[PDB]
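This document starts with one chain, in the form deposited without (2S)-sulfonatepropionyl-CoA, laid out as structure tokens.
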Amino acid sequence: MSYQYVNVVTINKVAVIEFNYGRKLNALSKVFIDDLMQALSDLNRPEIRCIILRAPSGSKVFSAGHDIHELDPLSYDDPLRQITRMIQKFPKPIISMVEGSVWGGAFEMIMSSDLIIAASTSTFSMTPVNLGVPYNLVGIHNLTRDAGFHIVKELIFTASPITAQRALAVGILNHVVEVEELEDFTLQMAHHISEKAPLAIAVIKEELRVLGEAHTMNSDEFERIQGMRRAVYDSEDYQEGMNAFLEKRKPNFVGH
């Protein structure tokens, strides 16, 4: 019924899960993610038909992304890994209602959701290259189903932020609205969907999930990528990137 790190409300058949982790700017800490997951789980009932994920009204930062301090950081059972999986497999639609700036891991988190509705002032950025992190295959895969290849590559390689208007243009966002209408706009849609056949929505969603994951390869290729990842994890650049982050200074990458 209650959680330390999220606040939940139910409005008819729609449930809203609001973050309650502001000190860390909603960074994806284990305790935080665990509460989000418990909440979702608790909401997996016939009477609940649609979920909305959001940061508190007026938030400057929607989510800072991975919790560096807490630091292979992207292993199967890591929080971010677990949540994306859960969200994707959840039999009810999940809408990310965005207010504030979205960063790295949080960006992957919202991409994994079903729909994204955002304020005209929100911003988006994918940042593993800033810290020198060798992002995982599944993680990367999750960022390629909406905008095209070139676009995705620009986001990742530059780690530069994009406006909500651009995010809408490239296919990332569903709708962009004025912050004052965000909540209202999102709820209307949620209630609308909640009037539809839940069982059909569930199956279609899973069909989409399964098709979306269907980029297959042989074990040698996976092991080869994994070897590359290890090499990155073992590099100087990797240490340099984390420190600089922790040290709140510009990193000096050298290619080894």
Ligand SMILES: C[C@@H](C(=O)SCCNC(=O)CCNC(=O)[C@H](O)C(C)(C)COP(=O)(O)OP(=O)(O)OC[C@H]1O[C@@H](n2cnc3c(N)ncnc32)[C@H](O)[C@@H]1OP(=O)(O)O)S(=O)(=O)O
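One rule holds for the numbers: they count along the sequence shown, beginning at 1.
Absent from the display: the form solved in complex with (2S)-sulfonatepropionyl-CoA. The rest refers to it.
Listed stretches are 144-152, 168-176, 122-130, 82-90; the contact stretch with (2S)-sulfonatepropionyl-CoA in the deposited bound form is 122-130, by a heavy atom cutoff of 4.5 Å. At the 4.5 Å threshold, heavy atoms of residue 19 stay clear of (2S)-sulfonatepropionyl-CoA in the deposited bound form, well away from it.
In the deposited bound form, no heavy atom of residue 49 sits within 4.5 Å of (2S)-sulfonatepropionyl-CoA. At least one heavy atom of residue 60 is located within 4.5 Å of (2S)-sulfonatepropionyl-CoA in the deposited bound form. Remark: residue 45 does not count among the residues lining (2S)-sulfonatepropionyl-CoA in the deposited bound form, judged by a heavy atom distance of 4.5 Å or less. Along 64-94, these residues reach a heavy atom to within 4.5 Å of (2S)-sulfonatepropionyl-CoA in the deposited bound form: 64, 65, 66, 67, 68, 69, 71.
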